[PDB]
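Please see the structure below; I have some questions.
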């Protein structure tokens, strides 16, 4: 007999056993990204090559404009979006909703006038032009703030995001641009120093418009690799504001799957399918198109997004309309950086060398491989001398998720073309759409599907005819969630979440148990599965921190001490799993931290030692993560010896200033301080008061008081 | 001193001493 | 100042960029703003559609059973080579040098030392009998490296680092690397070309994959998978959960796939620990496992040794080379197509109960990275994937009739027959299989999804799910329609290149599709 | 200096190895 | 420590960057200043934690007098080191010292946990005294609803919650109590009395 796992589907529906199909247990694919970036640029320009090709006179880089371009005559992807059709869809959406555009725009403006510059510190890695690399958002923002100070640019000290965006827009006009660059001076040692460097206006414009690239290695279910783009800090404010506006608009739209996540999305899915089933005529058919859009960002022109921003803010202050239209302008004239370049080697001499991108065309193309040969022969027209590709048309993945979703919902909501005897409506979310078409027969259902496909092709949207299919309503999939006959199996993909959280013992344990309980609540993880997950997690947790049961004969550094503690203390049911104690957690008490769980079972000496008011292993500065576990997940833990932190792997200026302010005003670490005065004088007054109180209480000597007073005296606030 | 053997593909050389002329 | 309002005016460069970033047909952003604010479209979509060419459409075609065809026909073709064994460690061929131990847990070096000490004949074997040197590896290098491994393991000192440190450098091929030069010379030189991409080979259906799938999914008297205790169960729900958990582990624990999974997890944990502790020194690592028999005897099993190279790597994607020597009882000459990557010896023979059987050493050089190295210790999640689905299955049964069936589905009761799935086939006759056997099959499927996992497997699964869901819709008579079937088929079949699990998955998919086609008549 | 190393061919020199490996390698002649 | 505070302040001001930033950024702007951290977040916490647990002294101990309670090496086992630190400016230590502290060392006060962690112990009380019943294996109809995950002593909006917390455990910096402390005066006094006598 020859076994066959697929035969399981003979006796079980695929959706029921869908979890086993996905290989979400092996090693996810991982990676030069220059080839992929060049290919992406090539495809983006190829789809829009028939547009209007001109040369930007502000930067000198070639630009291709597909908007209002020739209507496609083939199924191939098309970025030729007609502006009038986009405005028609927007107008239909506006008519179908009561002043939604006005409310969303006003709320976006109000929350923008309240936003601070420091909000730009959130997010992921960002392109830094002072070094032309990818740096953490906080560091990039700090460096750009520092550089702006030299060229007479200010507004960061002014607080709100409005002055920062205003002086960012101003910076594009300064005849020069001075900043600090890293200089790895040789002395042999390579020591980094700060060198005051300057660049011209064109170079600065190119740097600001440049989009850095990286390989999307983390992907799990795709063989071919995609490139993710990181933008600079000079686009983050505008992109953030437009994204917030689009989120405000799309949240009300019942057709939008974002930004709601979790059981809310399932609720929306089931409610929508039930609605469409209810709305079907008598004996008619409601067909569901399971769609998976491709080239969702290589066909969306930023000019269409500029038009959408202008139409959305039809009635708003001129200043806000201008401000929110900057992001589409910056994206419509963007430039793409190109990885690290190809590598050429000779095997007859065992020699290899990576060729930096600026030197791509310094070599005869007859030496690159034929594929890269064609890639470069096609990329030559748009190649910048500095080593960047002029990429005007299209968008990089991840920038305008909300705005693209709003455009998709606009396409969905037309609901009819030519008053044909059918209707359509659906769910759209960031490159994944599920459509429903109701008619009186299958033929009319596909007439409607074809009409919707054509309408999508009029906005740059090109549904994938290879990754999509159609069937009867009541069975489909949306964003990897499967619906069949009312049964929505949360596809079990949260399996790679049972490892230790890697923050500390107690916190890792709390996070793991909360993860188990949340999975039980949401994904339908059965009680036996939850018990086995507890078992496996406890095994991994004991192994990773070298703390097994004290009785067990395992050897280790901390294990000897655990063994000692095992008999040095009588009460053996109160020890923690980090102290070789017996596991006590079960399904009924996953919501209780174990320290409180075992509080009764502990011994007075043990609880006194572990729960000491002061612990050298516990520090105030270590409390930052006690609320949210990095997605920010809330976990409940208990102060104790096991609440420690791991070793670390104008910087010092800001860091130590903030640290000292926190140490002076202990309330600052919890809630935002309030005051319209310099930090120095606040600290001086507080320290003077504290010194006087310490002396009056006898905690400080008289010589100590005099010294303190002198210092505080010198400072100038006594 | 013996002899010298060499692999061109790996670009490696080594000296075979006189006592090891038959190994 | 409240009579002024906010001031935010655009400069010169940004204003010009806005002016030139207007759609076609416009000449200034003021023009576009006025056009958007004033012009009203009242059927522009229909006007554009009324002229767009009728050569663009989704091409809606109804999908029937006949349209679905076997995926990846090239595997059937015999002109292509048989797929080789590219997994990290042997799975159905591991030979366990088993030593009974009181239960004490000891360092892997001492355990391997003692295991070899018990088997003096294999420990002191020094004259190999080359059965096959695969294509490139050198027999002298591998044999000398293995001898150094055995000497280091059996040495009195607790140190587990290679005492040569120079022969291994060429045995592992660390020195066989190119030397990087600066860009200028490469530009000037004409012979410094770019390496052509190396595409995977297009292979055929092997036979060892099916045999291993069968063998890893059978009960064995030896059990290794053990799990930590949990707190007392006081609620009825956790009592039911405990009963189900016991019924499951009583089945999974004794399947050989569980032992293989534990061996992989332990090996990768030890590899990560050695790499972190030791960075730039060659190390010796036994492939250790712990196995408890039904009588409670905690045997320690040595499955081979491995030399770890220099793992001094700042990044994670950086590769570290390791050479594996594995004890086995299988002579490769029985099927030489399965072992084209392995250089093997014949280091002796052993008696298990009186039936003498040979003992060979499979030697092979390989490379890993911190990512796969970590996922090795996260391979235990297969167990969870095995339980979840079965849990759901059982729960479905419980939904039908009120009481709990976990005893009924597994063993049956006086009112309900034991649950049987369709598991295999023979001579074109499909065969049923107990609930436990189906659980074993699912667990082995998950384990293989891990071990043979790479980009090809992901691209195959995530794209054949389309056909799986289409077949599911067809079986429910939803009359699914498709737009470009050949596109989906090409997408799927551009992933069946050289992964043994991918080729066997394609083969089983074709066979099951044939079965569904023949059974659709009703 | 770095460029002259490859220009003059001095950098294209074969690497010396221990006699053990050379005897154990069958491709060295 | 206040003298140490003033000395640290003087040393920090000796540099011109500190002088110009402190005299420039108002108290309100402090938030922005705090958020300019490196953000060099670990890419894989699991691997980092695994590696750290195997290191000689991964624990980052805060400088203080606690270390003298424990030798730098106990029973031939290394616990803590006197080498200086740059990331935290403290000392280094190993989980061995943590386990020893859980075994021996100073004995603290058990009173604080009776009331400080009132919510957790109330959770445990509600679990322990709960009464279980039968299990119905039939299908269950479930509706998606906006539910409060955990019980609250007195539900209030976030701003009022923050103001109440400050009025409870931050006696200083309580300018001009708003029209929220009088509403929650009973909660203020109850929590104030309960948390008094602690050292957390």
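Observations on the model:
As written, the chains take the letters A, B, C, D and E, and residue 1 is the first residue of each chain.
Everything below uses one rule, namely that a contact is a pair of C-beta atoms (placed from the backbone, for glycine too) under 8 Å apart; a residue touches a chain by one contact, two chains touch by 3 or more.
Here's who's who by UniProt: A = RNA-directed RNA polymerase catalytic subunit; C = Polymerase acidic protein.
Pairwise, the chains sharing the most contacting C-beta pairs are A-C. Centroid analysis (C-alpha atoms only) places E farthest from chain B. Note on chain placement: the centre of chain B and the centre of chain C lie 44 Å apart, centres being C-alpha means.
Per-chain Cα centroids separate chain D from chain E by 61 Å. Mean C-alpha position of chain B lies 12 Å from that of chain D. Residues of chain A in contact with at least two other chains: 349-350, 499, 588-589. Touching of two or more other chains is recorded for residues 181-182, 185, 189, 234-235, 237, 240 of chain C. Shown for chain E are the residues that touch two or more other chains, namely 44, 46-47, 50, 54.
For chain C in complex with chain E, the residues that touch the partner chain are 234-237, 240, 272-273, 276-277, 316, 370, 374, 398-399, 402-404.
Per the touch definition, chain C reaches chain D in the complex via residues 138, 140-141, 144, 166-167, 170, 175, 181-182, 184-185, 189. The residues of chain A lying in touch with chain E in their complex are 116-118, 121, 136-139, 141-142, 156-157, 159, 263-264, 266-267, 499-503, 508, 544-547, 557-558, 560-562, 564-565, 568-569, 579, 588-589, 591-593, 596-597, 599, 604-617, 619, 621, 630, 636, 638-639, 641-642, 644-651, 653-658, 660-668, 670-680, 682-683, 687, 690-691, 694, 700, 704, 707-708, 711-712, 714-715. Within the complex formed with chain A, the residues of chain E that make contact are 2-3, 5-10, 12-13, 15, 17-19, 21-42, 44-50, 52-55, 57-62, 64, 66-67, 75, 77, 86-88, 92-110, 112-113, 117, 120-121, 123-124, 127, 144, 162, 165-166, 170, 172-173, 198-200. Note for the complex: chain E touches chain C at residues 43-44, 46-47, 50-51, 54, 132-139.
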